[PDB]
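The structure appears below as structure tokens.
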Amino acid sequence: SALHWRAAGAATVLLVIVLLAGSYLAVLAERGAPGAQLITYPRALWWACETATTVXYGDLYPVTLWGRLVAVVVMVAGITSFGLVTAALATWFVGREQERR
Amino acid sequence: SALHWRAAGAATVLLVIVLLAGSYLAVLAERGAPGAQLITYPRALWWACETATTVXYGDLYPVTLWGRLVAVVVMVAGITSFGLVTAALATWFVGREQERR
Amino acid sequence: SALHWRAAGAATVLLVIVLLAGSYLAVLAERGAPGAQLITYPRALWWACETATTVXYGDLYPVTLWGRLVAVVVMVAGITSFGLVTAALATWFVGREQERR
Amino acid sequence: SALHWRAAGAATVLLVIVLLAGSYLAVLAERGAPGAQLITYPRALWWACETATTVXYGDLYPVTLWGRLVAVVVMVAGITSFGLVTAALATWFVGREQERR
Amino acid sequence: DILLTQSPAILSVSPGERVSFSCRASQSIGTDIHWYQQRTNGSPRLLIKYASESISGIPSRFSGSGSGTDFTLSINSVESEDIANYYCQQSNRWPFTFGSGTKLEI
Amino acid sequence: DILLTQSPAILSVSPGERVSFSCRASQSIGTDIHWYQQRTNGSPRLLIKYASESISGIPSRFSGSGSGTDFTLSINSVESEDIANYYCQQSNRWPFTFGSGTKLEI
Ligand SMILES: CCCCCCCCCCCCCC(=O)O[C@@H](CO)COC(=O)CCCCCCCC
Ligand SMILES: CCCCCCCCCCCCCC(=O)O[C@@H](CO)COC(=O)CCCCCCCC
Ligand SMILES: CCCCCCCCCCCCCC(=O)O[C@@H](CO)COC(=O)CCCCCCCC
Ligand SMILES: CCCCCCCCCCCCCC(=O)O[C@@H](CO)COC(=O)CCCCCCCC
Ligand SMILES: [K+]
Ligand SMILES: [K+]
Ligand SMILES: [K+]
Ligand SMILES: [K+]
Ligand SMILES: [K+]
């Protein structure tokens, strides 16, 4: 279909991948750092979900260099994909209004 | 009226529904989990409001699997609706500028 | 000038007003509630700023019904204004590209 | 290339600058305030990154007047740049759809 | 690192009575506590996970409760086969750590 | 301001034995603790940073552990050159502060 939809869908699929990879990689980077809490996979997936959406409750977060980098990748992927859905909707609404007018 | 406005309005009404349902369902999922704080309806409605807007102070959050899922639904509904209002405004501004030009 | 710019500017000015009013009103609503921390004006202005931007560190937040309502007004005003600037930029970029093409 | 891309790219480069400057300036403003935690550069860079994205975990935040101001500058720069990328994408998608139609 | 305190070190109960083992953490760890049973010359065996979740194959007699810093492992009506050492283990923060242990004596 | 307590003030170990210095913070400071060695008439020397990170040029014998409020500096098999005063220092919150010190005696 139209490019924007292809870009929006693609940057959902990619986001889901980043959530799983970002969840597996955060546990890998954080174990070994005394005091770290992002160390088991289930809560790490929850952590990534609340990071990508930018809600960030503060119940869990990375304390190591690599865990933080992973965090930045998760943030950008989520923000980027949401900005791509908004842009795709605007295109659909704009192109659609050109008709109603 | 124009599609975008119909979509923006609709994804306000839907959001208000998710806030109430998301508030009732979080209490249902969280009671029974030792240590949980999202267990009375008034503060749960406040919790959902700060989740949907993505502010997330960290004063309240789900610790169970289902409460978290509900949380993800509340997040997407809020983010989605805000992205639909921004897209509707852009359409109104764009279509409106085509005139001024 | 063009509508969108008039709407973007207007929903900056309005935001600054909400930040000051939202800061004065939160102190009014929160004093009297045992345990409340949003009770002096300087930090309350900082609180509103981090709420409107949706960053929400969790260092300060309302615990009363009215303080929370004020919080919701501050959130919507900030999110709304940012969505109006993004929409205004898209209109300027779109209308501007129609030329380059 | 097209204006929007020039504006999006520019408000990436500028953001990276604000992240480094905002990180150096927060340490400068916060040292001297008893209780402050935003006092070493590495974690301050992490702090700025989570502020600009609006995730705000609450693990670190400014307690002084100037550190907070810096925080507001970091917030606006991040939010502004993300709103400029979304607007640039919409322009690319919109202009691109005019073709497919 | 989180210190898990198990006291008393030895517990004596009459056959059929209800016994309770205590585990205290040096800081709040939610419900991230797990219990193991180790009989003489045997390897540890998972009894209860996440403070109160049951494992399959484990007698219904065993139960756990608590959250935060205080945790309890309970046995409704103890019997001879329950004679062993009991250990708690937390997974809230790295590194995982074990309590010192409580011996069940009948 | 964070108070760093170093106790005991003096430690006596036999040559080659394993010794451990303790540092307790008045509040949680993650792993933002650093250790220094100061010999008689000498200036302080960085031994371990961030609770457990090694510095180049420092004997492998030296190691550190801990997080939160409790920290330990360990020396596997002490020798004569280790006779000195030992100080911890935190950088979690302003202002930086030093523990009172422990003297190593053989
Ligand atoms: C190696 C790749 C790892 C990728 C991440 C996989 C994580 C594990 C699966 C998730 C949950 C398993 C449940 C469990 O056994 O834990 C529950 C025990 O009470 C509590 O769950 C939790 O409290 C975590 C909730 C996470 C919710 C995430 C919602 C995302 C939309
Ligand atoms: C079964 C469906 C449940 C749906 C949710 C219903 C929640 C209950 C109604 C809300 C408040 C009642 C007040 C009360 O008795 O509590 C106050 C006691 O001091 C404090 O209020 C609170 O501190 C909570 C504030 C919540 C503010 C939400 C703002 C949303 C725009
Ligand atoms: C009645 C209407 C009230 C409206 C709000 C007015 C608030 C008071 C003025 C603000 C600061 C005064 C400084 C002071 O005496 O406090 C400082 C003492 O160390 C610390 O400041 C603080 O730590 C608060 C910082 C707030 C930063 C806000 C940045 C907004 C862009
Ligand atoms: C004067 C200008 C200052 C500008 C900021 C510079 C900050 C210092 C460089 C950053 C890290 C050095 C590592 C180190 O020695 O610290 C590590 C010790 O374990 C832990 O790192 C940390 O835990 C901080 C992680 C920060 C991640 C930021 C990710 C941004 C995409
Ligand atoms: K946010
Ligand atoms: K946030
Ligand atoms: K937050
Ligand atoms: K918090
Ligand atoms: K928070």
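All residue names refer to the structure tokens as shown: chains lettered A, B, ... in order, residues numbered from 1 in each chain, ligands numbered from 1 in order.
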
Each residue of chain F with at least one atom at most 10 Å from chain E should appear once, together with its nearest atom pair and the corresponding distance in Å (one decimal); atoms considered: only C-alpha atoms; ordering: chain, then increasing residue number; output as CSV.
residue,atom,partner,partner_atom,distance
F:65,CA,E:1,CA,8.7
F:66,CA,E:1,CA,5.8
F:67,CA,E:1,CA,5.8
F:68,CA,E:1,CA,7.3
F:69,CA,E:1,CA,9.0
F:70,CA,E:1,CA,7.9
F:71,CA,E:1,CA,9.1

Quick one: write out the picked residues with N, CA and C atoms as a PDB file, in the first residue's frame?
ATOM      1  N   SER F  65      34.254  -4.975  47.390  1.00  0.00           N
ATOM      2  CA  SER F  65      32.919  -5.481  47.151  1.00  0.00           C
ATOM      3  C   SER F  65      31.893  -4.681  47.947  1.00  0.00           C
ATOM      4  N   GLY F  66      30.627  -4.816  47.557  1.00  0.00           N
ATOM      5  CA  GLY F  66      29.560  -4.129  48.256  1.00  0.00           C
ATOM      6  C   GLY F  66      28.732  -3.198  47.393  1.00  0.00           C
ATOM      7  N   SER F  67      27.607  -2.764  47.935  1.00  0.00           N
ATOM      8  CA  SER F  67      26.727  -1.832  47.245  1.00  0.00           C
ATOM      9  C   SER F  67      25.714  -1.383  48.282  1.00  0.00           C
ATOM     10  N   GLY F  68      25.122  -0.219  48.074  1.00  0.00           N
ATOM     11  CA  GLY F  68      24.167   0.285  49.038  1.00  0.00           C
ATOM     12  C   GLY F  68      24.821   1.047  50.179  1.00  0.00           C
ATOM     13  N   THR F  69      24.834   0.463  51.372  1.00  0.00           N
ATOM     14  CA  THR F  69      25.416   1.097  52.544  1.00  0.00           C
ATOM     15  C   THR F  69      26.662   0.381  53.074  1.00  0.00           C
ATOM     16  N   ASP F  70      26.813  -0.905  52.757  1.00  0.00           N
ATOM     17  CA  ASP F  70      27.954  -1.660  53.242  1.00  0.00           C
ATOM     18  C   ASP F  70      29.001  -1.979  52.191  1.00  0.00           C
ATOM     19  N   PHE F  71      30.250  -1.623  52.488  1.00  0.00           N
ATOM     20  CA  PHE F  71      31.360  -1.843  51.566  1.00  0.00           C
ATOM     21  C   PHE F  71      32.569  -2.488  52.233  1.00  0.00           C
TER      22      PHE F  71
END

Near-residue 26 (chain A) list (8 Å; only C-alpha atoms; drop same-chain fewer than 6 positions) as a ChimeraX atom specification
/A:38-39,44,62,66-67,70-71

For the residues selected in the previous step, produce a file with C-alpha atoms as a compact mmCIF listing (two decimals), in the first residue's frame.
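Now in result.txt:
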# COMPACT_ATOMS: atom_id res chain seq x y z
CA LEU A 38 16.91 -5.12 35.71
CA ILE A 39 18.10 -8.72 35.92
CA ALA A 44 12.83 -6.44 31.81
CA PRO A 62 19.66 0.45 34.11
CA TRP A 66 25.67 -0.83 28.25
CA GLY A 67 22.26 -1.25 29.90
CA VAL A 70 20.30 -0.31 25.26
CA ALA A 71 17.81 1.97 27.04

Taking only C-alpha atoms and all ligand atoms into account, produce a table as CSV in which each residue of chain C with an atom at most 7 Å from an atom of ligand 7 appears once, together with its shortest atom pair and the distance in Å to one decimal, ordered by chain and rising number.
residue,atom,partner,partner_atom_place_in_ligand_line,distance
C:55,CA,ligand 7,1 (K),5.6
C:56,CA,ligand 7,1 (K),4.3
C:57,CA,ligand 7,1 (K),4.8
C:58,CA,ligand 7,1 (K),6.2

If we count only C-alpha atoms, what is near residue 25 (chain A) at a cut-off of 12 Å, once residues fewer than 3 positions away on the same chain are taken out, given as a list in words?
residues 17, 18, 19, 20, 21, 22, 28, 29, 30, 31, 38, 39, 40, 41, 44, 45, 48, 62, 64, 66, 67, 68, 69, 70, 71, 73 and 74 of chain A

Residues from the last selection, N, CA, C and O atoms, saved as an mmCIF file, in the first residue's frame:
data_model
loop_
_atom_site.group_PDB
_atom_site.id
_atom_site.type_symbol
_atom_site.label_atom_id
_atom_site.label_comp_id
_atom_site.auth_asym_id
_atom_site.auth_seq_id
_atom_site.Cartn_x
_atom_site.Cartn_y
_atom_site.Cartn_z
ATOM 1 N N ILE A 17 10.504 -6.036 17.922
ATOM 2 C CA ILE A 17 11.796 -6.712 17.932
ATOM 3 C C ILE A 17 12.719 -6.047 18.949
ATOM 4 O O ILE A 17 13.381 -6.731 19.738
ATOM 5 N N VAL A 18 12.754 -4.714 18.930
ATOM 6 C CA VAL A 18 13.587 -3.966 19.858
ATOM 7 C C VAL A 18 13.171 -4.229 21.299
ATOM 8 O O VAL A 18 14.021 -4.300 22.168
ATOM 9 N N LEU A 19 11.872 -4.370 21.559
ATOM 10 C CA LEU A 19 11.389 -4.651 22.909
ATOM 11 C C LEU A 19 11.926 -5.982 23.412
ATOM 12 O O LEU A 19 12.358 -6.067 24.554
ATOM 13 N N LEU A 20 11.892 -7.018 22.573
ATOM 14 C CA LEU A 20 12.404 -8.328 22.974
ATOM 15 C C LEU A 20 13.928 -8.311 23.060
ATOM 16 O O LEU A 20 14.488 -8.776 24.036
ATOM 17 N N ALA A 21 14.597 -7.765 22.050
ATOM 18 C CA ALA A 21 16.053 -7.719 22.048
ATOM 19 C C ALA A 21 16.531 -6.785 23.148
ATOM 20 O O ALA A 21 17.504 -7.085 23.837
ATOM 21 N N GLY A 22 15.843 -5.657 23.308
ATOM 22 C CA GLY A 22 16.218 -4.701 24.332
ATOM 23 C C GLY A 22 16.001 -5.268 25.720
ATOM 24 O O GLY A 22 16.642 -4.834 26.684
ATOM 25 N N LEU A 28 21.529 -8.933 30.181
ATOM 26 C CA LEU A 28 22.914 -9.308 29.912
ATOM 27 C C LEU A 28 23.888 -8.237 30.404
ATOM 28 O O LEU A 28 24.905 -8.552 31.009
ATOM 29 N N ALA A 29 23.557 -6.972 30.163
ATOM 30 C CA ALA A 29 24.404 -5.850 30.573
ATOM 31 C C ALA A 29 24.357 -5.539 32.062
ATOM 32 O O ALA A 29 25.378 -5.149 32.635
ATOM 33 N N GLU A 30 23.194 -5.735 32.689
ATOM 34 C CA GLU A 30 23.031 -5.411 34.101
ATOM 35 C C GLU A 30 23.467 -6.440 35.148
ATOM 36 O O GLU A 30 23.774 -6.040 36.270
ATOM 37 N N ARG A 31 23.471 -7.734 34.813
ATOM 38 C CA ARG A 31 23.904 -8.746 35.764
ATOM 39 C C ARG A 31 25.409 -8.574 35.907
ATOM 40 O O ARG A 31 26.119 -8.476 34.940
ATOM 41 N N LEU A 38 17.385 -4.723 37.037
ATOM 42 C CA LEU A 38 16.905 -5.117 35.711
ATOM 43 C C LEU A 38 17.655 -6.384 35.323
ATOM 44 O O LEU A 38 18.417 -6.389 34.356
ATOM 45 N N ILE A 39 17.398 -7.457 36.074
ATOM 46 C CA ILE A 39 18.105 -8.717 35.917
ATOM 47 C C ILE A 39 17.364 -10.013 35.623
ATOM 48 O O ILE A 39 17.992 -11.065 35.590
ATOM 49 N N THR A 40 16.046 -9.956 35.446
ATOM 50 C CA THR A 40 15.272 -11.143 35.091
ATOM 51 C C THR A 40 14.456 -10.695 33.871
ATOM 52 O O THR A 40 14.082 -9.526 33.785
ATOM 53 N N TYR A 41 14.205 -11.603 32.928
ATOM 54 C CA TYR A 41 13.527 -11.252 31.682
ATOM 55 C C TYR A 41 12.094 -10.722 31.701
ATOM 56 O O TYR A 41 11.777 -9.771 30.998
ATOM 57 N N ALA A 44 12.046 -7.229 32.751
ATOM 58 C CA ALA A 44 12.834 -6.444 31.814
ATOM 59 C C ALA A 44 11.988 -6.109 30.590
ATOM 60 O O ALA A 44 12.170 -5.064 29.978
ATOM 61 N N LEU A 45 11.058 -6.990 30.232
ATOM 62 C CA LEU A 45 10.206 -6.728 29.079
ATOM 63 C C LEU A 45 9.244 -5.601 29.457
ATOM 64 O O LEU A 45 8.911 -4.760 28.640
ATOM 65 N N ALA A 48 11.215 -2.339 29.306
ATOM 66 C CA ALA A 48 11.342 -1.831 27.952
ATOM 67 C C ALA A 48 10.040 -1.203 27.461
ATOM 68 O O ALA A 48 10.074 -0.162 26.822
ATOM 69 N N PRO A 62 18.278 0.912 34.209
ATOM 70 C CA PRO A 62 19.661 0.454 34.111
ATOM 71 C C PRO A 62 20.636 1.335 34.863
ATOM 72 O O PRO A 62 20.464 2.555 34.901
ATOM 73 N N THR A 64 24.175 0.367 34.503
ATOM 74 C CA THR A 64 25.444 0.202 33.784
ATOM 75 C C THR A 64 25.465 0.976 32.467
ATOM 76 O O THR A 64 24.416 1.362 31.917
ATOM 77 N N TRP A 66 26.351 -0.120 29.335
ATOM 78 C CA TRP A 66 25.667 -0.829 28.254
ATOM 79 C C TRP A 66 24.154 -0.916 28.441
ATOM 80 O O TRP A 66 23.412 -0.752 27.487
ATOM 81 N N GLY A 67 23.696 -1.180 29.663
ATOM 82 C CA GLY A 67 22.264 -1.250 29.895
ATOM 83 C C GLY A 67 21.640 0.091 29.519
ATOM 84 O O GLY A 67 20.566 0.155 28.905
ATOM 85 N N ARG A 68 22.321 1.181 29.862
ATOM 86 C CA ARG A 68 21.803 2.497 29.513
ATOM 87 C C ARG A 68 21.766 2.706 28.009
ATOM 88 O O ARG A 68 20.772 3.229 27.478
ATOM 89 N N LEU A 69 22.842 2.319 27.315
ATOM 90 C CA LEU A 69 22.847 2.450 25.861
ATOM 91 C C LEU A 69 21.624 1.713 25.315
ATOM 92 O O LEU A 69 20.861 2.278 24.541
ATOM 93 N N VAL A 70 21.440 0.458 25.722
ATOM 94 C CA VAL A 70 20.298 -0.306 25.264
ATOM 95 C C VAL A 70 19.029 0.516 25.497
ATOM 96 O O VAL A 70 18.132 0.550 24.654
ATOM 97 N N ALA A 71 18.956 1.146 26.667
ATOM 98 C CA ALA A 71 17.812 1.971 27.037
ATOM 99 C C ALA A 71 17.585 3.089 26.020
ATOM 100 O O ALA A 71 16.436 3.387 25.658
ATOM 101 N N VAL A 73 18.419 3.028 22.911
ATOM 102 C CA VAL A 73 17.967 2.434 21.657
ATOM 103 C C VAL A 73 16.474 2.135 21.771
ATOM 104 O O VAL A 73 15.703 2.400 20.846
ATOM 105 N N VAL A 74 16.057 1.637 22.932
ATOM 106 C CA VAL A 74 14.651 1.321 23.138
ATOM 107 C C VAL A 74 13.808 2.595 23.071
ATOM 108 O O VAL A 74 12.742 2.581 22.470
#

Could you pull out the residues sitting within 12 Å of ligand 5, using only C-alpha atoms and all ligand atoms, and write them as number ranges by chain?
A: 50-57, 75, 78-79, 82; B: 50-57, 75, 78-79, 82; C: 50-57, 75, 78-79, 82; D: 50-57, 75, 78-79, 82

Would you mind exporting C-alpha atoms of the selected residues as a PDB file, in the first residue's frame?
ATOM      1  CA  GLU A  50       7.437   1.568  29.794  1.00  0.00           C
ATOM      2  CA  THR A  51      10.641   3.043  28.359  1.00  0.00           C
ATOM      3  CA  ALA A  52       9.589   2.927  24.685  1.00  0.00           C
ATOM      4  CA  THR A  53       6.313   4.655  25.586  1.00  0.00           C
ATOM      5  CA  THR A  54       8.319   7.201  27.666  1.00  0.00           C
ATOM      6  CA  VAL A  55       6.098   6.669  30.752  1.00  0.00           C
ATOM      7  CA  UNK A  56       9.056   5.591  32.963  1.00  0.00           C
ATOM      8  CA  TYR A  57       7.640   4.905  36.398  1.00  0.00           C
ATOM      9  CA  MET A  75      13.617   4.972  23.678  1.00  0.00           C
ATOM     10  CA  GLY A  78       9.521   3.719  20.510  1.00  0.00           C
ATOM     11  CA  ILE A  79       9.508   7.457  19.988  1.00  0.00           C
ATOM     12  CA  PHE A  82       5.045   6.711  17.349  1.00  0.00           C
TER      13      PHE A  82
ATOM     14  CA  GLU B  50      -0.783   9.923  34.498  1.00  0.00           C
ATOM     15  CA  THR B  51      -0.018   6.793  32.468  1.00  0.00           C
ATOM     16  CA  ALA B  52      -2.057   7.745  29.378  1.00  0.00           C
ATOM     17  CA  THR B  53      -0.348  11.152  29.321  1.00  0.00           C
ATOM     18  CA  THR B  54       3.036   9.375  29.792  1.00  0.00           C
ATOM     19  CA  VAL B  55       3.988  11.629  32.750  1.00  0.00           C
ATOM     20  CA  UNK B  56       4.394   8.659  35.161  1.00  0.00           C
ATOM     21  CA  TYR B  57       5.448  10.108  38.488  1.00  0.00           C
ATOM     22  CA  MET B  75      -0.528   3.842  27.416  1.00  0.00           C
ATOM     23  CA  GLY B  78      -3.501   7.765  25.381  1.00  0.00           C
ATOM     24  CA  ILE B  79      -0.557   8.020  23.033  1.00  0.00           C
ATOM     25  CA  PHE B  82      -2.854  12.356  21.199  1.00  0.00           C
TER      26      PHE B  82
ATOM     27  CA  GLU C  50       8.196  18.804  34.417  1.00  0.00           C
ATOM     28  CA  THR C  51       4.532  17.779  34.249  1.00  0.00           C
ATOM     29  CA  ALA C  52       3.637  19.802  31.131  1.00  0.00           C
ATOM     30  CA  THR C  53       6.654  18.327  29.328  1.00  0.00           C
ATOM     31  CA  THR C  54       5.607  14.843  30.590  1.00  0.00           C
ATOM     32  CA  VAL C  55       9.112  14.119  31.980  1.00  0.00           C
ATOM     33  CA  UNK C  56       7.814  13.570  35.560  1.00  0.00           C
ATOM     34  CA  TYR C  57      10.821  12.698  37.674  1.00  0.00           C
ATOM     35  CA  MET C  75      -0.602  17.964  31.403  1.00  0.00           C
ATOM     36  CA  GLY C  78       1.523  21.147  27.698  1.00  0.00           C
ATOM     37  CA  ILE C  79       0.759  18.171  25.506  1.00  0.00           C
ATOM     38  CA  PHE C  82       3.389  20.711  21.755  1.00  0.00           C
TER      39      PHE C  82
ATOM     40  CA  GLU D  50      16.417  10.449  29.713  1.00  0.00           C
ATOM     41  CA  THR D  51      15.192  14.029  30.139  1.00  0.00           C
ATOM     42  CA  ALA D  52      15.283  14.984  26.438  1.00  0.00           C
ATOM     43  CA  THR D  53      13.315  11.831  25.593  1.00  0.00           C
ATOM     44  CA  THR D  54      10.890  12.669  28.465  1.00  0.00           C
ATOM     45  CA  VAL D  55      11.222   9.158  29.982  1.00  0.00           C
ATOM     46  CA  UNK D  56      12.476  10.502  33.361  1.00  0.00           C
ATOM     47  CA  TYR D  57      13.013   7.495  35.585  1.00  0.00           C
ATOM     48  CA  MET D  75      13.543  19.094  27.664  1.00  0.00           C
ATOM     49  CA  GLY D  78      14.546  17.100  22.827  1.00  0.00           C
ATOM     50  CA  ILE D  79      10.824  17.608  22.462  1.00  0.00           C
ATOM     51  CA  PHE D  82      11.287  15.066  17.905  1.00  0.00           C
TER      52      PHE D  82
END

If we count only C-alpha atoms, what is near residue 7 (chain F) at a cut-off of 9 Å, once residues fewer than 4 positions away on the same chain are taken out, given as a VMD selection string?
chain F and resid 21 to 24 100 to 102

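These are the residues of region 9-42 of chain F assigned strand (DSSP E) by DSSP from backbone coordinates: residues 10, 11, 12, 19, 20, 21, 22, 23, 24, 25, 33, 34, 35, 36, 37 and 38 of chain F.
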
Pick out the chain B residues within 9 Å of chain C. Count only C-alpha atoms. Give them as a PyMOL selection string.
chain B and resi 42+46+49-50+53-59+82-83+85-98+100-101

Write out as a PyMOL selection string the set of residues from chain A that DSSP, computed on the backbone, places in alpha helix (DSSP H).
chain A and resi 3-30+41-52+65-100

What's the separation between CA of residue 45 (chain F) and CA of residue 87 (chain F), in Å to one decimal place?
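Taking CA of residue 45 (chain F) and CA of residue 87 (chain F), their separation equals 9.8 Å.
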
What does the structure give for the distance between CA of residue 90 (chain F) and CA of residue 12 (chain F), in Å to one decimal?
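Distance reported for this atom pair: 25.4 Å.
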
Can you work out the spacing between CA of residue 86 (chain E) and CA of residue 39 (chain E) in Å, to one decimal?
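That distance, rounded to one decimal, is 8.8 Å.
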
Give me the residues of chain D that have any atom at most 7 Å from an atom of chain F; for each, the nearest atom pair and the distance in Å, rounded to one decimal. Use only C-alpha atoms, sort by chain and number, and format it as JSON lines.
{"residue": "D:31", "atom": "CA", "partner": "F:94", "partner_atom": "CA", "distance": 6.3}
{"residue": "D:32", "atom": "CA", "partner": "F:94", "partner_atom": "CA", "distance": 6.7}
{"residue": "D:33", "atom": "CA", "partner": "F:94", "partner_atom": "CA", "distance": 6.6}
{"residue": "D:34", "atom": "CA", "partner": "F:94", "partner_atom": "CA", "distance": 5.3}
{"residue": "D:35", "atom": "CA", "partner": "F:93", "partner_atom": "CA", "distance": 5.5}
{"residue": "D:36", "atom": "CA", "partner": "F:93", "partner_atom": "CA", "distance": 5.4}
{"residue": "D:37", "atom": "CA", "partner": "F:93", "partner_atom": "CA", "distance": 4.9}
